[PDB]
Every structure is written in structure tokens, then in C-alpha cells.
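Structure first, commentary second.
Protein chains: 4
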Amino acid sequence: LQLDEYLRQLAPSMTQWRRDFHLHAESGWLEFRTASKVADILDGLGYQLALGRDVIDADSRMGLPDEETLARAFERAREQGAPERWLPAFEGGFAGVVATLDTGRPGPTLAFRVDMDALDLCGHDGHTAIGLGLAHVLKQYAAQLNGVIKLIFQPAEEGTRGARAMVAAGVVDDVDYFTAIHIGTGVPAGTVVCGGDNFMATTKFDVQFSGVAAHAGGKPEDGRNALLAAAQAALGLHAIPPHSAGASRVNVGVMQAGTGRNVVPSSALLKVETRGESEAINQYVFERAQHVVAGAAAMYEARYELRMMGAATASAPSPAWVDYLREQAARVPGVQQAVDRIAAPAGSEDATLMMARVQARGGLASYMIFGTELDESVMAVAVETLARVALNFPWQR
Amino acid sequence: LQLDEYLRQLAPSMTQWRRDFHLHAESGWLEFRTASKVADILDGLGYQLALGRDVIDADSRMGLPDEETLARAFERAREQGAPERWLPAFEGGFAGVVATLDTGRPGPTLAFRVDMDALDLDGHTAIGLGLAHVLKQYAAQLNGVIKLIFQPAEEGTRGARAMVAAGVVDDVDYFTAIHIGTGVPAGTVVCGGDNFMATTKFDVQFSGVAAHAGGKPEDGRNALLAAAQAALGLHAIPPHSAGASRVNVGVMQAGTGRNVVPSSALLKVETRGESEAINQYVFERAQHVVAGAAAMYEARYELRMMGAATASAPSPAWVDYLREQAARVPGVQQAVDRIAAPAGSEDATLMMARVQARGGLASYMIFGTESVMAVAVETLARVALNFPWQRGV
Amino acid sequence: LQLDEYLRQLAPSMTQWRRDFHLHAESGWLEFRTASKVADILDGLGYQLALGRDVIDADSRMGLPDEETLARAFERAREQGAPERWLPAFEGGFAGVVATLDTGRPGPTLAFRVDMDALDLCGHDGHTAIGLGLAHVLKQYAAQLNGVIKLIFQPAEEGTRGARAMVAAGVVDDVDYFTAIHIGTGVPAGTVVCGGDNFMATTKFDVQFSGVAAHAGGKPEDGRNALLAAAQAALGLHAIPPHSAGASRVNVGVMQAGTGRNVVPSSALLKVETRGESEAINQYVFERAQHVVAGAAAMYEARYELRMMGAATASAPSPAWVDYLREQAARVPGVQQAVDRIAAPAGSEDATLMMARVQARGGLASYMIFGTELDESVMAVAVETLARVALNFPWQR
Amino acid sequence: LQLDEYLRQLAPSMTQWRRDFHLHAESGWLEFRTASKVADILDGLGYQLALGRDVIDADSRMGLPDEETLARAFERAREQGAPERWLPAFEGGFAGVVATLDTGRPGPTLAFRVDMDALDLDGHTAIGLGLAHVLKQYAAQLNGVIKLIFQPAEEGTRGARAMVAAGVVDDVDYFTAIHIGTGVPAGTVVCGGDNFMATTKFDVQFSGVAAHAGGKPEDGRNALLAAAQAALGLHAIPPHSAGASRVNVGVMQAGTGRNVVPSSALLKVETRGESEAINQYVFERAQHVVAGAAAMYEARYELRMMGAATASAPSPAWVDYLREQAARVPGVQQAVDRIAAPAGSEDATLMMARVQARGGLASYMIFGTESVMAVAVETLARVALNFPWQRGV
Ligand code: NA
Ligand code: NA
Ligand code: NA
Ligand code: NA
Ligand SMILES: [Y+3]
Ligand SMILES: [Y+3]
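Chains as they are written, first to last, in my numbering: chain C, 247 to 643; chain X, 16 to 408; chain V, 247 to 643; chain Y, 16 to 408.
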């Protein structure tokens with residue numbers, strides 16, 4: 247009741263949030279200020295918070311910035327207005343937060359997730375505002391809810407690095423219905439996909455090649471060309487055969503080698519990523535890749551180091567849950583279409599990891615997409631759609 | 016003074032300039048303060064000066080820093096004491112000066128060359144200034160013309176080409192490049208150094224079309240793979256029958272991000288040859304290798320000259336004259352023609368080649384290793400003063 | 247009526263045919279004897295024949311053997327028992343035959359196709375016997391037919407070379423319902439696929455690299471390494487990026503370069519093939535390939551020659567026709583399943599070219615597959631199924 | 016006769032053997048008829064013979080033809096007149112013979128070497144037979160031992176290794192390889208040929224897993240791509256500071272069919288070096304290159320030795336002795352030590368190295384260009400007969 251009204255009594259806050267978080271955008275694992283601000287507000291609304299290491303498994307964190315970068319980002323946050331009461335809980339690259347609202351009334355646990363990080367050289371993640379927005383709506387109308395509602399603010403989504411660490415921490419082991427959201431720019435403004443399935447499994451990794459000269463003196467017979475080794479690696483990688491079961495990808499997006507024009511290269515670096523339509527296919531591609539870089543290093547009798555930088559799996563939304571999401575989304579104002587599933591360029595999202603987990607444990611889950619192409623108020627329709635998903639839940643059945 | 020006295024009454028000023036230029040060292044193409052000081056001093060001695068653009072052809076410059084870097088250095092040089100009267104002539108990466116002493120009497124045009132730059136991340140200039148002082152003091156005992164070339168960007172063999180293209184050595188009869196040899200015995204003086212291989216240094220920028228690695232791989236045009244294939248092709252270039260040659264892809268940088276098809280790729284390459292012809296063969300092969308690799312991926316490519324130098328073939332008659340004079344010079348132990356040593360490069364060779372090509376004589380002198388400077392000035396001064404105005408060479 | 251009986255009164259002939267044609271197997275474009283034998287028998291049954299150049303467009307013949315090979319194969323056929331009355335009509339690599347049965351009774355034209363060639367170094371094509379088999383059944387029961395029935399015996403199916411030449415000759419420009427058959431070894435014995443859609447479009451081509459020394463004397467500076475050029479080509483080819491619209495393939499199956507160990511290679515040969523799930527995708531792959539071989543040749547300043555060796559398109563069976571085929575196949579004895587469409591390893595078949603043609607002109611078509619895996623009498627079930635397809639045609643509707 | 020007469024009374028037989036061996040020429044490892052004839056003749060002269068397996072280590076043979084080819088040639092040799100008494104000792108690719116003449120008196124062991132094979136798609140044997148005749152006729156004027164090595168597969172440098180491994184030259188004090196030089200002046204005689212680079216010839220077979228190109232590309236393991244990448248790596252092998260070296264992938268064959276992922280690939284490679292050490296460096300690098308390329312595709316690889324030879328360092332004292340004798344030989348114009356010429360290979364070098372390694376002297380003699388044979392026999396005969404039984408070398 248009066249949800250439509252209350253919403254217009256919140257919109258002015260959300261835009262303020264999208265902008266402030268756009269103003270002080272932070273990269274993967276360095277979302278210190280953002281998490282501090284989110285925690286602050288969420289605690290202010292009376293949510294039971296869980297922070298940092300309690301929700302982010304230290305070990306499974308891939309592609310973390312160096313010890314130095316984590317430090318300045320932390321300090322800059324403290325010098326950026328980040329609340330003192332919370333900031334400390336995220337030091338060391340553990341900027342993450344899960345808010346819990348327990349109604350006391352027996353019932354299922356509904357989880358909604360949004361990422362907080364921006365991109366490195368931040369148009370891509372206005373999702374944090376929608377997360378706070380939904381939190382508010384969920385308090386005012388708390389009385390009509392049952393079971394438990396969980397709000398997940400995930401770090402390092404770019405590069406698919408954060409989800410795994412939150413899953414390893416057990417953040418979604420007690421979730422019955424999972425829903426990840428996204429402001430799809432490549433999606434028609436006014437349209438809403440309730441079953442994002444265009445996500446490929448993937449593996450991110452860097453390869454370091456070292457070719458220490460066999461002896462000093464700089465004699466050509468002692469050189470071990472790391473550059474040529476990575477060059478042959480790059481070719482091998484891209485030559486990996488496709489798979490019969492579905493689409494697959496491989497991309498050496500970055501390569502750095504050498505120190506000087508006249509100097510025989512002894513060091514080289516490759517930034518790679520593999521992808522497959524299914525978990526198995528991507529696993530296949532990654533297996534070959536390792537054989538390719540290993541042999542390439544051997545050719546030049548050079549050494550190599552493999553560094554796992556991130557990973558995600560394939561998405562298979564729960565049919566029933568997507569139906570429910572479609573049914574609710576149709577009534578929402580700005581929603582012109584429900585689509586269910588769409589045909590768009592394939593990509594990857596670590597939210598899939600949380601979905602896979604919830605699904606293996608009996609729950610259901612899906613990835614919602616809100617169109618905006620050809621419109622920064624799409625947050626209101628996202629908020630109402632999500633809020634509606636909870637309030638309208640068929641508690642009995 | 017009579018000469019020996021003059022040199023001892025000059026030695027102080029010489030270390031003063033050395034200390035100064037060392038303290039205020041400047042990288043290739045950024046020798047603004049040095050060039051200014053040199054010009055101020057030479058003008059004072061009464062030398063006619065050709066500066067900057069008049070002695071450095073713009074288009075022939077290689078491995079030039081970007082505008083921002085040129086401007087910062089120019090401003091820094093002003094703030095470090097560069098004589099404001101001369102500073103403007105070098106603005107834009109044209110720190111170069113040719114000082115001329117025309118005796119007025121008929122005779123040959125003798126040229127001496129020193130470089131002014133230092134390494135990135137040459138006590139030669141002082142020597143050049145000292146020699147300028149002595150030659151003025153004894154202009155009466157000279158004939159013909161005396162030319163002093165102060166060259167920029169010798170490191171990376173980047174500056175000599177532009178001076179040659181400006182005509183700097185086209186009127187030269189006898190040329191002598193001066194260098195302080197660290198890898199040469201404390202008392203030795205090589206008068207015909209030729210341990211220089213011809214070379215070409217260049218960059219290759221490959222430009223393709225970026226695309227999302229997972230979403231639309233068909234829209235991509237991989238510049239990275241083009242560079243990789245070029246790199247392999249470059250190192251497979253066949254040797255040459257006439258002598259040693261080498262190709263090296265020292266640096267490769269490519270790509271924007273892990274999930275984006277690389278649309279930009281850069282190769283820093285170096286070509287070497289025992290002779291000019293051999294180096295030209297290798298470089299030619301290299302151009303075909305990179306054009307093809309770019310075409311393989313439908314990528315565009317741009318080849319940027321970063322450096323160049325040729326082989327050194329010292330004029331025997333001129334070498335002999337220099338050796339004879341050097342021998343008599345006090346602090347000298349061994350006045351040799353050439354001396355064994357690992358091969359390297361030096362663009363002074365372009366001036367030599369040019370001079371020899373027009374009928375003149377040329378050589379490269381090396382003073383081993385400071386007091387090497389007094390010896391170098393006295394020696395070079397002898398070379399000029401004891402010239403066979405009549406008999407010749 | 248008594249079709250089931252008549253069939254058992256023909257089986258002894260078919261096995262005799264499969265074996266004789268297995269005995270004297272001929273490769274692509276050299277099916278001289280086979281065509282002579284087929285024509286002979288078909289003429290004996292009273293079919294209106296069209297042979298050689300009248301059914302095989304000379305120009306569009308790809309991957310033809312050399313002038314010499316065509317000669318001996320021809321003579322060996324004459325010395326192999328090939329009928330004299332017909333053999334001459336196939337000289338020069340035009341071994342093909344289309345038999346026509348016109349009932350005078352107005353009606354649609356039904357076409358059935360089978361290939362005759364074996365494979366080169368012949369278990370793969372017992373399809374010619376089934377073709378003759380069906381011809382017989384179609385005569386005896388001629389009275390119950392209407393319109394026109396056409397039987398197509400295609401050469402050079404292996405390597406996808408013959409179909410194009412028959413299409414260019416107009417062989418299927420007047421066909422209303424087209425059906426290509428195949429003894430699917432990779433298909434369950436007793437099963438019949440009425441809608442083969444597992445076929446990818448493809449392009450076959452050889453690349454010849456020439457690197458004539460710039461000068462005599464054998465000086466290394468004059469060499470132009472064709473081997474290294476093809477080597478880099480091979481890598482480039484296999485590195486061609488996949489396509490978002492569907493699966494694609496590239497394979498450099500053969501490479502020959504050099505004349506002697508110590509001699510700098512001046513010549514090289516590549517045997518390649520591209521593939522795509524759709525016509526467009528394969529076209530995309532072939533476009534890249536040409537850029538790859540051209541640039542590779544340039545790197546070593548070598549020359550190159552592209553030779554088109556064959557091609558096929560994607561298969562999209564006519565839904566309605568597949569339904570009809572399924573309905574008829576179900577009643578046939580040896581048929582346990584109808585399936586309609588199956589999931590098997592992708593391949594290529596030039597019969598697709600005839601299908602595409604017939605479909606663009608208003609007719610319908612499909613590719614039938616008869617299982618046999620885990621059974622050399624599958625010809626009887628194929629014959630009856632095909633014969634039934636004709637006899638049962640809904641002439642009225 | 017006294018010698019000069021003997022040679023003129025022998026010349027006929029010599030052309031008879033030359034004409035015969037030319038007419039019945041045989042390829043490497045297939046010298047069955049030749050070896051038989053040689054053995055029959057030498058046995059007749061009273062020479063002790065070590066044949067086949069006793070002088071050719073089986074495992075050390077390189078570039079051996081397949082069984083079928085060995086058998087066909089063996090049978091063909093029988094049908095062409097090979098003396099049936101000796102033919103069996105060479106069955107299986109062991110056509111080799113070492114003839115020994117032990118004077119019984121104390122002295123040095125002198126060895127002379129000739130090859131018997133011809134090219135595929137050596138009038139040396141006759142020379143060897145003639146020298147055997149003369150030395151027997153004058154055994155009385157000889158001391159110590161005389162050994163005559165008739166070597167198989169000299170083409171492609173394939174046979175010498177197996178003889179060295181059999182111990183054939185371990186008891187040799189003075190070794191001399193004989194060769195007819197077509198690229199040498201009609202009257203010149205090089206006594207210390209050393210225009211031979213060390214070398215290694217080998218094949219690399221890459222074995223992967225075949226699969227249908229379109230149906231199941233993931234089941235494939237491309238041996239073709241492995242060879243391609245190896246080929247590129249092989250031609251990128253860095254040079255060596257101490258001297259010239261070269262790598263060449265002369266042949267590449269791979270694949271079964273257009274629509275099948277290649278599971279078989281073959282590279283025929285050649286490695287060269289100015290010295291033994293330099294060739295070993297290149298070959299070592301080459302082994303790493305091919306093992307890695309095989310690993311890149313999870314393919315197996317097999318490296319087969321097809322040939323090998325080392326550098327030639329003729330013993331100066333022995334060269335001088337040969338030159339002195341050759342000079343006096345009638346039909347000789349120029350008895351030189353070495354002579355400029357393009358570099359090639361010759362496995363005789365393995366016997367030289369071995370001999371020199373055990374304290375003996377060795378050299379390679381070349382007779383320029385037929386009547387070269389009479390001169391070669393007379394010369395070689397002098398070398399043996401005029402030996403400094405006392406004074407020495
Ligand atoms: Na994001
Ligand atoms: Na310098
Ligand atoms: Na077939
Ligand atoms: Na030979
Ligand atoms: Y309302
Ligand atoms: Y019946």
C-alpha cells in the first residue's frame with residue numbers, strides 16, 4: 247500500500263547515492279569508502295550487519311592489488327569521508343557487506359545482490375544505490391515480510407574476483423531464493439530480462455615468463471628469449487581448438503616484454519582469459535592453455551609462473567523463479583516488457599557462482615537485467631520491481 | 016703565453032665547464048642549457064654561429080621526445096641558468112651549434128665534432144670549448160676554416176643524421192670526431208676507431224580494431240597477434256653472406272585489457288650490420304616482415320625511425336697524420352690506428368661517410384681512461400696548428 | 247500392394263550391387279565404371295537418362311584430378327567391365343547420371359539423390375545400390391505414381407565437390423520435393439533421422455607458396471622461405487577468432503614444404519578447410535583466412551596461389567517435408583524410431599547445395615539418415631522407406 | 016718392376032675397377048656389390064679383412080634405409096655379380112671393409128680412407144684398390160702396419176660414426192682421408208683440407224591424436240601446429256659468439272587429410288657450426304625447441320639422427336710430410352696445405368678427431384680435377400714407402 251508513493255519519497259536519495267558513489271568510484275578490492283558508507287546507512291536503518299573477513303574468505307580472493315596499493319586506497323578513503331566506525335572492518339581488501347533483516351515470522355530467506363566496484367583505466371555500476379534503495383523500502387514495509395531478507399554488497403565484480411570469496415565465506419549457504427541485478431546498457435530502455443543466461447564460464451590468469459641468461463657476459467648463446475616464448479605462447483593460446491558441445495573463447499588481452507631495444511628480452515608477461523558456454527567447456531580450454539604456456543616456456547628453456555586472477559561459471563536461472571520474476575516485473579510502471587530471456591552478446595559475471603551454489607543446495611536463483619539503452623531513473627523501476635518480488639512472495643505455497 | 020703556458024692557464028676554466036655540464040646534465044634532444052652556454056662562450060670568442068634549425072633538419076630527427084617533454088625541459092633549462100639570449104634558438108628540440116672560425120686566408124676546412132647529451136634512466140663539450148679557446152688564441156698560425164660541431168642526441172644514435180641533412184659537413188675537407196674512451200687504456204689514443212657497426216633502430220606500432228573478447232570476437236583485429244608473428248619473423252631473418260648482422264625485438268607492449276581484443280601493439284626493434292649494405296639488407300627484410308604481419312590481421316602499421324648510424328671506414332692518410340701528432344703530445348703513451356674491442360655504434364659515422372663521399376678525409380679519435388681533457392685539447396690543437404698547409408696529406 | 251513381398255524379391259540384387267560397387271570402388275570424379283553400370287541398368291528399366299556434361303556443369307567442378315589421372319582411371323574402367331555404350335558419356339570427369347520417370351499424369355516432381363564416389367587413401371558409400379533398388383520399385387508400381395520422379399546419382403561427394411556442378415547444370419531447378427539419403431554409421435541401427443541439420447557450411451582450398459630466390463648462387467640473403475611463410479600461415483589460420491552467431495571451424499589438414507634437408511625451402515603447400523554453422527559464419531571465416539595467407543606470403547616476400555577445392559552450405563530441412571518423411575518412416579519394418587532430428591557430431595555434405603536451391607525456388611527438401619551402428623541389409627529398409635515416400639504422396643492436397 | 020713400371024702395368028686394372036664401380040654405382044648403406052668386390056680383391060692380395068658388423072657398430076648408423084630397401088638392394092647386388100663368398104657379411108646395411116697389412120716388423124700403423132657410395136635421386140674405391148696393390152708389391156720396404164678403410168655412406172655424413180664406434184681407428188698413428196676434388200685445379204693437391212664445418216642432421220617426428228576437424232576438434236592434438244611452431248623456434252635460435260652457425264628446416268610433411276586434425280608431422284633439420292662446440296650448442300638448443308613445441312600440443316616426439324660430422328683440424332706436421340711427398344710426385348703442380356673454398360661437411364672428420372684425440376696425426380688430402388687416379392696412387396704410395404721409420408715426424 248502506498249508503495250508507489252513512498253518510492254517517489256525516496257528517489258531524491260538514490261540519485262544522490264548514485265552520484266556520490268560515481269564521484270568517489272573505487273576499483274576492485276579497493277571499495278573501502280563505498281562499503282563504509284553502505285554499512286553506515288544500513289546500520290542506521292537497523293539491519294544486522296556482517297562485514298569484511300566475516301563475509302569475504304581471505305584465501306579465495308583472486309587478482310588482489312599489491313600490499314602497497316591496498317594501503318593508499320585505504321588512507322585515501324579515510325581522507326575521502328569514509329566513516330571511522332566501519333572503515334577498519336574492510337582494511338586489507340575485505341570491503342564487503344551483507345545486511346540481514348529477520349522478521350521473526352517463520353519463512354524463506356530471500357537474497358538480493360549488487361556489486362560496488364568501478365572499472366580501472368566508472369560508468370558501469372550504479373547498482374549500489376539501487377541496493378540501498380531496496381533496503382529502505384524493505385524496512386518501511388517490514389511488517390508484510392516473512393522469513394529473512396539478505397542484502398549482499400559485493401566487491402571486485404569486474405574481472406570476476408569477488409563472488410568466489412563471498413561464497414567461500416558461506417554468504418549464500420542459507421539462501422532459498424537468490425536474485426542478482428544489473429543495469430543492462432545493451433538492453434532496451436524499459437525492458438527487463440528476468441533470466442540472464444548469456445553468461446559464459448571463464449578463467450582469468452596471468453603468465454610470467456623468465457629467461458635468466460645462462461651466464462653473464464651477455465653472449466647470445468646464453469640468452470633465453472622470454473619475449474619470443476610468450477609470442478609463441480600467444481599464438482598457441484589463440485589456436486586452441488573449439489569444442490563440439492558449445493561456444494568457447496580465449497583472449498590474450500595484454501603482453502609486456504623486454505627492458506630495452508638492443509637488449510635480449512629475459513622477462514615477459516601475459517594477461518589471458520578463457521571462456522566456455524558451459525563449465526566443462528571452459529575447463530577444457532583452460533587445460534589446453536596450461537599445456538601451451540608450459541611448452542612455450544620449455545622451447546626457450548625459460549621458466550614460467552601461473553597466477554589465477556579470477557573466475558566465474560555458467561548461468562542457468564531457475565525456471566520457476568524466473569516466472570515469478572517475470573510476473574511481478576510486468577506490473578511495475580516503467581516496465582514495458584518482461585521478455586524472460588533475451589539474445590545479446592555473451593559475457594561473464596561472477597554472480598553466477600552464488601547462483602550455482604544456491605542451486606546446488608536446493609534454493610532457486612536468477613539474474614535480473616534492467617534496460618536503459620536509447621534513463622538514470624531506471625533505479626526507481628529496479629527498486630520497486632525488487633521490493634515487489636519480496637512483498638508479493640507466496641508465503642503459504 | 017706560447018701554448019704550453021696557455022693550456023695551463025686554461026685548465027681551470029675547462030674543469031669549470033666539465034663540472035657545470037655534469038651537474039646540469041641533459042638528455043638527448045634536451046640539451047637546451049648546454050647549447051646556450053656553449054653558444055654564449057663561443058660568441059664571446061668571436062666565433063660565427065649557426066644554430067638550431069639552421070643546422071638540424073627537423074624531419075631527419077629520430078627518437079624525439081613528445082611536445083610536453085620538450086617544453087618542460089626547455090622551461091627547466093631557463094630556470095637553471097641557460098643564457099636567455101641564446102635559449103630561444105633551440106626551442107623545440109634543436110639544441111645544436113656549429114661555430115666557424117674563418118682565418119680569411121686560403122686553406123682547407125677542418126671540422127671537429129663533440130656531442131652534448133648524457134644518458135637516460137659526455138665530458139666532450141668542455142673539450143670542445145677548450146679547443147675553441149686555443150684555436151682563437153693562435154688564429155694567426157692557422158689558414159682556411161675551422162669548424163666546431165656540437166652535436167645533440169648521440170646516445171641512441173639519433174642526432175647526427177639531422178645535422179648531415181642540414182649540410183653541416185658538406186664543406187668539410189678534414190673531419191675528426193672526438194670521444195673519451197672508458198674501455199681504453201689510460202694513456203692510449205686510438206686515431207682510427209672503427210669498431211662501429213651500421214645500425215637501424217625503429218618502432219613499429221600496429222593498429223587494429225578493439226572488440227569485446229567474449230561478446231563479439233569477429234569484430235576484432237588483433238594487433239597483438241600481428242606483433243607476435245612479426246616478432247617471430249624478425250628473428251628468423253636469414254644472415255648475409257658478406258658478414259655479421261643481427262635483429263633484435265627488444266620490447267613488446269600490446270593490449271588494453273584482459274577481456275578486450277588488443278587493437279594496439281608496439282615493437283621496439285634494432286637492426287645491426289657489419290657493413291652499410293648488410294644493415295640495409297636486414298632492415299629491408301624487416302620492413303617486409305612487419306608489413307605482412309600487419310596485413311595478416313588487417314591491421315594498420317606505422318614504422319618510426321628511432322636511430323641510425325653506418326659503418327666506420329677511417330681515411331688512412333688522415334689517421335696517420337693524427338697519430339703522428341698525438342705521439343708527440345706529452346700525456347700520450349700509445350698513438351695507435353685501431354684497437355680491438357666489442358662492436359658498438361656511433362652516428363658520427365654519418366658525418367664521416369658524408370665527408371668521405373664528397374672527397375674529404377675523416378677519422379674517429381678516442382682518448383683512453385680527469386686530466387684526459389688537457390691532453391685532448393693539446394692534441395687536437397696540434398692537429399690543427401701543425402697542418403701541412405702546403406705539402407698536405 | 248505386395249510391396250513388402252516384391253522387396254524380398256529384390257534384396258538379392260542390391261547386395262550384389264553394394265558388393266560389386268564396393269569391389270570396383272572409384273574416387274571423386276573418377277566414378278566412370280559406376281556411372282556406366284548405373285546408366286546401363288537404369289536405361290534397361292526404361293528410364294529417360296541425362297548424362298555427363300548435360301548434368302554436370304564443367305566450370306563449377308572443384309578439386310578435379312589432373313589430366314593424367316582422369317585418363318588412366320577412364321581406361322581402367324573400360325578394362326574393368328564398364329559398358330561401352332555409356333562410358334564415353336563420362337570421359338573427362340563427368341561421371342554423373344539423372345534418371346527421369348514421367349507418369350504423364352499431372353503432378354509434382356519428386357527427386358531422390360545418392361552419391362557414387364568412394365574415399366581416397368571405401369567403406370562409406372553403399373548408397374548407389376539403394377539408388378538402383380529404389381529405381382526398380384518405382385517402375386513396378388509406376389501406375390500408382392503421378393507427376394515426375396527423378397533419381398540423381400552424384401559424383402565427388404567426398405570433399406564436397408560434385409553437387410555444385412549438378413546444381414549449376416540445373417538438375418534440381420524443376421524439383422518440388424527433394425530427399426537426400428545416407429547410411430549413418432554414427433547413428434543407432436534401426437533409427438532413421440528425417441531431418442539432418444547437423445551440417446555446416448564449408449569452404450575447401452589449397453594454398454601454394456612460392457619463394458623463388460632473388461638471385462642465383464644460393465646466398466642466404468637471397469632466399470625467401472616458403473616453409474616459414476606457410477608455418478606462420480598455419481598458425482594464423484588456426485588463430486582466426488570464433489563468431490558470436492554460432493560455431494565455426496578451421497583446419498589445415500595438410501602441409502608439404504621443402505626439397506632437401508640442407509636446402510632453403512622455396513616451395514610450400516597447404517590444404518585447408520573452413521566451416522561455420524551458417525553460410526554467413528563460414529563466409530566470415532574464409533574472408534579472414536585469405537587475409538592470413540596473403541600477409542604470411544608478404545612477410546617472406548613470397549608469392550601465393552589460392553585454389554578452390556570444394557564447398558557446401560548449411561542444412562535447414564523443410565519442416566513439413568520432414569514431418570511427412572517421419573510419418574512414412576514409422577510404418578517401415580526395420581524402423582524402430584523416427585526421431586525427426588538428432589544430436590550428433592557436426593559435418594558437411596554438398597547435398598545441402600541442392601536443398602538450398604530447391605528451397606529458394608519454392609520446393610521443399612530434407613536429408614534422410616538410416617542408422618546401422620552396433621546390418622548391411624539396411625538397404626531394404628531404406629528402399630522401402632523411400633519408395634513409400636513416393637507412392638504415399640498426398641497427390642490431391 | 017721397380018715402381019714406376021708397376022704403376023704403368025697397373026693403370027689398366029685401375030680404370031677397369033673405376034668403370035665397373037661407376038657402372039654398378041650404389042647408394043649409402045647399400046654398397047653390397049662394391050664391398051664384396053673390394054673384399055674379394057684384397058683377400059686375393061693376402062690382406063687380413065675385418066668385415067661388416069666387426070667394423071660398423073649397428074646402433075651408431077644414421078640415415079639407414081628401411082628393411083625392404085636393404086633387402087632389395089642386397090638381392091640386386093647378388094644378381095649383378097657380387098662375389099657370393101663375401102656378400103653375406105654385409106647383409107643388413109653393413110657394407111664396410113678394413114684391410115690390414117702387418118709387415119711383422121715394428122713401426123707405426125698407417126691408415127688410408129676411401130668411401131664407396133654414390134649419390135641418390137666416388138672413384139675413390141679404385142684408388143684404394145690400386146694403393147693396396149702397390150703396398151703389397153713393396154711390403155718389404157715397409158714397416159709396422161698398413162690399414163685400408165673402405166667406408167660406406169659418406170654422402171649425408173652417415174657412415175664414419177659407426178666405424179669409429181667399432182674401434183676401426185683406435186690403433187692408428189697416422190691417418191689420411193682421400194678425396195677427388197672437382198672444385199680444385201687440375202694439378203693441385205690440397206694436403207690439409209679443413210673447409211668442413213661440424214654438423215648434425217636429424218629428423219623430428221611429431222605424434223599427436225587424429226580427430227575429425229569439424230565433428231570433434233577438442234579430441235585433436237595437432238602435430239602439424241607443433242612442427243610449425245618448432246620450425247619457427249628453430250630458425251630463431253641465437254647465433255654463437257665464437258663463430259658461424261646455422262639451422263635449417265629443409266623439409267616439413269604433415270597431415271593425413273583436409274578434414275582431419277594432423278596427428279603426424281615430420282621435420283628434416285640440419286644444424287651447422289664453425290666448431291664442434293658451436294654445433295653442439297645449436298643442436299642442444301634445437302632439442303629444447305622441439306621438445307617444447309611437442310609439449311605445447313601434448314604431442315609425442317622422436318628425434319632420429321640422420322647424419323653427423325665434426326670440424327677438421329689437420330695435424331700440421333703430418334700435412335707437411337704429405338705435401339713434401341706430393342710435390343715430388345710427377346703429375347702434381349701445386350702441393351698446398353689448405354685452399355679457400357665454400358664450407359661443407361665430411362664425416363672423415365670423426366676418424367680424424369678420434370685419431371688426434373688418442374695421440375695420432377691426421378689430415379685430409381684432395382686431388383684436383385681421368386688420370387687423377389694414377390697420381391693419387393703414386394702419391395699415397397710414396398707417403399707410405401718414404402716414411403721416416405726412424406726420424407719420424
Ligand atoms: Na559491475
Ligand atoms: Na654521448
Ligand atoms: Na559419400
Ligand atoms: Na662419397
Ligand atoms: Y498508490
Ligand atoms: Y504384404
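Where is the CB? At the ideal position from N, CA and C, for every residue including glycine.
Residue i and residue j closer than 9 Å at C-beta
i	j	result
residue 247 of chain Y	residue 267 of chain Y	no
residue 567 of chain V	residue 610 of chain V	yes
residue 408 of chain X	residue 204 of chain X	no
residue 564 of chain V	residue 536 of chain V	no
residue 310 of chain Y	residue 544 of chain C	yes
residue 282 of chain V	residue 332 of chain V	yes
residue 440 of chain C	residue 571 of chain C	yes
residue 304 of chain X	residue 245 of chain X	yes
Short CB-CB distance (under 9 Å) between residue i and chain Y
i	result
residue 530 of chain C	yes
residue 502 of chain V	yes
residue 519 of chain V	yes
residue 471 of chain C	yes
residue 547 of chain C	yes
residue 474 of chain V	yes
Minimum Cβ-Cβ distance from residue i to chain C less than 9 Å
i	result
residue 544 of chain V	no
residue 244 of chain X	yes
residue 273 of chain X	yes
Residue-level contact to chain X via CB, residue i, 9 Å cutoff
i	result
residue 511 of chain V	no
Heavy atom of ligand 1 within 8 Å of residue i beta-carbon
i	result
residue 403 of chain C	yes
residue 227 of chain X	no
residue 373 of chain C	yes
Closer than 9 Å to chain V by CB, residue i
i	result
residue 227 of chain Y	yes
Near ligand 2: residue i beta-carbon under 8 Å from a heavy atom
i	result
residue 135 of chain X	no
Backbone secondary structure at residue i - three-state DSSP
i	result
residue 331 of chain Y	helix
residue 276 of chain C	coil
residue 312 of chain C	coil
residue 384 of chain C	helix
Heavy atom of ligand 6 within 8 Å of residue i beta-carbon
i	result
residue 390 of chain V	no
Mind listing which residues of the region 480-501 of chain C have their C-beta closer than 7 Å to chain X's C-betas, in chain order? The residues in question are 480, 481, 484, 495, 497, 498, 499, 500, 501.
Along the region 589-605 of chain V, where does the CB come closer than 9 Å to a CB of chain C? Name the residues. Under the 9 Å Cβ criterion, the region 589-605 of chain V contributes 591, 592.
Under 7 Å, CB to CB, which of the residues in the region 568-589 of chain V have a partner in chain X? Of all residues in the region 568-589 of chain V, none has a Cβ within less than 7 Å of some Cβ in chain X.
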